[PDB]
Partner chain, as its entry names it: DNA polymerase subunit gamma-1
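The chain below stands alone and is given in structure tokens; this is the form deposited without its partner chain.
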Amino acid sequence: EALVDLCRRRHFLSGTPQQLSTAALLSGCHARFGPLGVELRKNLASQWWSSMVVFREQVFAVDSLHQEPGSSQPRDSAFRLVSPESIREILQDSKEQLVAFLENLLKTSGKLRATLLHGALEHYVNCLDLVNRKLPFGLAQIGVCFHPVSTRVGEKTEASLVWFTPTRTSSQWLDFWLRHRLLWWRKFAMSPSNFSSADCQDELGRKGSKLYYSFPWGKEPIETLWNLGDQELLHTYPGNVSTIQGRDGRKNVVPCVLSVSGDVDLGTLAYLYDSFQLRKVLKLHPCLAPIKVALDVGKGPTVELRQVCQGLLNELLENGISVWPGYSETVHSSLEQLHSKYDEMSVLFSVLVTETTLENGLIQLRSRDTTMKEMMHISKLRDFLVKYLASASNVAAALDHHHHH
């Protein structure tokens, strides 16, 4: 409970006490994140987009509606979208008509999506043209999906990659992606071993794999990879099968479909738990930590020190480095209280500007990781930070192009 409490306290998480139970956190029935949490999730999403889309020339972005055509025939559980008017129009405005009306709702009402797969399949022919039918290629999208709880509606941010490839290399690609995705979660982890995988198969015998994170109450699947075959793709283009073929060298084939879907929200919670260390400190990876640095003032002329801090902030923000402007506060807290709070907020570095600074331009820099302080000239702070971050980011990008198996 210490982790969730700290997170709610420091605004990584949001919600009432009833909304902070493990069940409520996993249901997705309420917006789980506070500002610092939204920032962390945004950074995670960015890292996903860089590794899966930006750095892979065969992967394109796709966007699809949150709502899908109504059917009800299959008897699925997706929520239906019903116009309040139509309901009012039949009410205040027979018994056999009411039943007919209800029958209509079920059969014709649109529904909220449960996965991002269909959005990709629907845009497959378009991307086929974009790449001149050359296989393999993928469609990526990060978006919210809905799922029924217990009658509550849960919302989950899904990160999806749908990979179209000839059947003959489908097995190898599934293995390539499983390895690539596992290493992606681990490069940001304090305890990489807490991120694991397990192979599986579906009711139809199709192979796939799942990635898990070991939460205190057990392992939860944060990502799944499935080798779906061509069934769903074929069903998406009835009567046009002859024209949805891609090129596998000199051969034309209906591609096999690999679906890779990660849960960004659960993944964000995963890093929060993974970063918690005992002084309570959250050691989120430098690329994920919402706030990179904090600027505060020590003893000395208020207005002048604040001015120096303001210049430093502008310079950092201009470099895209997030900054917590602690010097703006009433600052009636001790140094120990300040550092303990920053440690809980996962602030990478805290800087202290004082009278001395006005004299020899030196500032005190405290590292969240080691908690060791040290002097440095205010003119070198930007360079140190920019470099420290690039180095962390470069280490994490070590194997982004490694050819697995």
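Numbering follows the first chain given and starts at 1.
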Are any deposited residues left out of the model between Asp93 and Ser94, and how many (none, 1 to 3, 4 to 9, 10 or more)?
1 to 3
As the entry stands, the deposited residues without coordinates between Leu278 and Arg279 add up to 10 or more
Selected stretch [higher average CA B-factor]: 23-31 or 336-344:
336-344
Comparing 157-165 with 212-220, which has the greater mean CA B-factor as deposited?
212-220
So if I compare the CA B-factors in the entry for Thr356, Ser50, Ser350, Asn43, which one is the largest?
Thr356
Would you mind checking which of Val264, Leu139, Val99, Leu116 has the top Cα temperature factor in the PDB entry?
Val99
Sorting the chain's CA B-factors, does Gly249 end up in the lowest, middle or highest third?
highest
Chain-relative CA temperature factor third for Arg366:
middle
Where does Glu57 sit by CA temperature factor within its chain: lowest, middle or highest third?
middle
Chain third (lowest, middle, highest) by recorded CA B-factor, residue given as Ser64:
lowest
What third of its chain, lowest, middle or highest, does the C-alpha temperature factor of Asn240 fall into?
middle
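Another form exists, solved in complex with its partner chain; not displayed. Remarks below refer to it.
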Considering its partner chain in the deposited complex, which of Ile378, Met52, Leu26, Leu352 comes within 4.5 Å of it through any heavy atom?
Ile378
At the 4.5 Å heavy atom threshold, is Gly311 in contact with its partner chain in the deposited complex?
yes
Is there a heavy atom of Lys283 lying 4.5 Å or less from a heavy atom of its partner chain in the deposited complex?
yes
Would you please decide whether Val254 lies within 4.5 angstroms of its partner chain in the deposited complex, comparing each non-hydrogen atom pair?
no
Would you check, heavy atoms only and a 4.5 Å threshold, whether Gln18 touches its partner chain in the deposited complex?
no
Residues of 159-191 having any heavy atom within 4.5 Å of its partner chain in the deposited complex, listed in sequence order:
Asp175, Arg179, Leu183, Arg186, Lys187, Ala189, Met190
